[PDB]
Each structure stands twice: as C-alpha cells, then as structure tokens.
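# Summary of the model geometry
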Amino acid sequence: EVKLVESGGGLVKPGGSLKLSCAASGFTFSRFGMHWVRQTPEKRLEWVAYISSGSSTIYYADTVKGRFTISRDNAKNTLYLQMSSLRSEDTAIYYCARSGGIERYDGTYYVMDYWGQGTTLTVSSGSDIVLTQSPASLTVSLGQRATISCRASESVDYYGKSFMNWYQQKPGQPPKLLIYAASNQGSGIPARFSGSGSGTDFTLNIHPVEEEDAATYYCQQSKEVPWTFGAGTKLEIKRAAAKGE
C-alpha cells in the first residue's frame with residue numbers, strides 16, 4: 001500500500017523561510033509525477049506546484065511564483081517544498097499527492113489519487129477555470145438523496161471526454177477520490193455515488209445516503225493548468241423517527 005508522510009511545518013514569522021519534506025513508500029516513487037496542494041483554515045483547497053518524474057517539467061500557481069521552489073531526490077524517495085518571503089496568505093495545511101495514471105482503452109487519465117496526512121504551517125503576527133459549486137451545506141434523511149451541482153466558467157471537455165473529478169473529505173483526513181472523468185467510478189467506490197454532466201455543467205448524486213457519508217465534497221477540473229477546485233459542500237445526516245409495527 002502507498003503511503004506519504006509530510007514533515008517540517010510549524011509556526012514562523014513573516015518574511016522568513018522554510019523547507020517542507022515528504023517521505024514516500026509502497027510504490028516506485030521515481031516513476032511518478034508529484035504535486036503539493038494546500039488547505040486554508042476556512043477549508044478552501046488550492047493547488048500549489050507540480051514536478052515531473054525527471055524534474056524536467058515544473059509548474060507553479062501564480063500566487064507563489066518566485067517565492068516557492070519544488071524539488072525531489074529519487075534515490076532517497078523524498079519530495080521537497082522550499083518557501084521564502086512568507087506571508088499571512090501562506091497559513092495552511094500542506095499535502096503531498098501522487099499523479100497516478102488510470103489506463104483505459106482510449107488513453108491514460110492522470111489524477112491526484114493518494115494523499116498524505118499533511119503538515120501545518122502558521123505565519124504569526126505582522127484566465128483560470130473557475131468552478132462555482134452549490135449548495136454550501138445540506139441535511140438529508142437516512143436513505144434519501146443528496147444532490148450537488150457545479151458550473152465551470154469554460155468547457156472542461158477535450159474531444160468527447162470531460163476532465164471533471166469529485167473528492168470526499170472527513171475530519172482529520174485528506175481528500176479521497178470518488179469519481180473521475182465526470183462519470184467513471186473509482187476503484188472500490190460504491191454505486192450509491194454517481195456523477196454526470198458534460199461541457200460546463202456537472203452533478204454529484206448520493207442515493208441512498210448512509211450514516212458514514214457525512215463529509216465535505218469538492219469538485220475539481222484537470223483539463224488545464226492550474227488545477228482548480230470548487231468551494232466545498234458540507235453534508236449532514238438527519239435522524240429519522242422510528243417506525244412501529
């Protein structure tokens with residue numbers, strides 16, 4: 001089984017610098033591209049940086065360009081993120097995620113599949129594709145239907161395939177992939193989760209809901225750099241009245 005362990009976070013002063021590390025195990029690290037993604041105290045997910053297996057292709061988010069540097073050491077199975085000129089907007093939990101390919105009859109589809117537990121950073125005193133997700137929260141009775149919607153600012157279709165993915169996150173855990181390519185079931189993901197849509201409009205349906213489905217749900221597009229996420233929907237489960245004879 002694949003495992004990623006991040007380290008190096010802490011509380012730091014504005015203007016300073018820091019280096020984060022991630023130790024990988026359970027897979028051949030040198031064959032895979034890798035990402036860093038952060039999550040703010042308000043629970044917004046923001047992609048930060050990507051590095052290819054041979055350190056030859058590298059991408060950064062606009063808000064971190066010039067201040068952050070991603071690197072890797074394939075012999076020691078470790079990924080790094082160095083940060084300088086730190087400011088308030090950088091306070092977040094930082095996660096490392098693997099870029100894993102799902103082989104299919106029409107191509108290999110790359111998605112953020114396994115994520116680590118994260119490491120926390122706190123800074124002390126002193127034409128992207130936008131995804132519009134709704135509702136902000138909802139409460140559903142056991143066995144009934146949850147429905148969540150996404151509108152993208154431009155099409156996420158690329159010759160008949162839609163690059164829309166859905167994630168589930170429970171408190172204390174990283175996000176988990178549920179649905180890829182708009183409507184394809186992840187491995188081992190139960191049939192009660194289903195996704196649909198195309199072009200700019202997408203939906204996630206959960207039915208019949210179960211007690212363990214209380215969580216926050218996020219859409220994400222992987223058609224163009226930067227990878228972007230919707231704002232998140234918090235689902236709660238309502239107790240139903242007991243039935244008599």
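Looking at the entry header, you'll see X-ray crystallography listed as the method and 1.49 Å as the resolution.

### Considering the overall build of the chain
Within the chain, the regular secondary structure consists of 0 helices and 24 strands. Taking 245 residues into account, the globule formula puts the C-alpha radius of gyration at 18 Å, and the chain, at 19 Å, falls close to it. The principal-axis extents of the C-alpha atoms in the chain amount to approximately 65 × 45 × 40 Å.

### Remarks on the sheet that holds strand β7 (residues 68-73)
Read from one edge of the open sheet, 4 strands run β1-β3-β8-β7, paired in antiparallel fashion. Here the strands that pair on one side only, and so sit at the sheet edges, are β1 (3-7) and β7. Direction aside, the axes of adjacent strands within the sheet are offset by 15° on average. Bridging between strand β3 (residues 18-25) and strand β8 (residues 78-83) involves 6 bridges; their strand directions are antiparallel. Across the sheet, the residue bridging to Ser21 is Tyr80, located in β8.

### Brief notes about the pairing of strand β17 (residues 164-169)
Along any regular strand, the residues point their side chains to alternate faces of the sheet. The buried fraction of β17 is high, at 6 of 6 residues. Residue alternation in β17 divides its side chains into two sets, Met164, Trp166 and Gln168 and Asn165, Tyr167 and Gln169, and both sets are buried. By the bridge criterion, 6 bridges tie β17 to strand β22 (residues 215-221) in an arrangement that is antiparallel. Residue pairing for β22: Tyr167 is matched across the bridge by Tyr218. Two elements, β17 and strand β18 (residues 176-180), share 3 bridges in a ladder whose sense is antiparallel. Looking at β18, one finds that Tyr167 is bridged to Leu177. Linking β17 to β18, which pair antiparallel, is a turn of 6 residues; within it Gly172 sits at a positive phi near 90°.

### Some words on the packing of aromatic side chains
This structure, assessed with the given rule, holds 12 aromatic pairs. Geometrically, the ring pair formed by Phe27 and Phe32 is edge-to-face, given 5.4 Å between the ring centres and 80° between the ring planes. Both residues of the pair, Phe27 and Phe32, count as buried. Relative to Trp227, the ring of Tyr50 has its centre 6.0 Å away and its plane inclined at 35°; by these criteria the two rings are tilted. Members of the aromatic cluster, joined through ring pairs, are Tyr109, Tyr158, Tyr159, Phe163 and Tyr180. For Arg72, the ring lying beneath its charged end belongs to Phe29, and the centroid distance is 4.4 Å. Seen from the ring of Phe32, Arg98 lies directly overhead, with NZ or CZ sitting 4.5 Å from the centre.

The rules behind the values
- Residues numbered from 1 in each chain as written, not as in the entry; some residues may be left out.
- Heavy atoms only, no water.
- Residues with missing side-chain atoms left out of burial classes, pairs and counts.
- Helix = DSSP H or I, 4+ residues; strand = E, 2+ residues; numbered from the N terminus.
- Rg over C-alpha atoms; globule rule 2.2 N^0.38 Å.
- Pairing = 2+ DSSP bridges.
- Axes fitted to C-alpha atoms, helices over the stretch in contact; angles between N-to-C directions.
- Buried < 20%, exposed > 50% of the residue type's maximum accessible area, 1.4 Å probe, protein only.
- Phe/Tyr/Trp six-rings, centres within 6.5 Å; stacked < 30°, edge-to-face > 60°.
- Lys NZ or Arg CZ within 6 Å of the ring centre and 35° of its normal.

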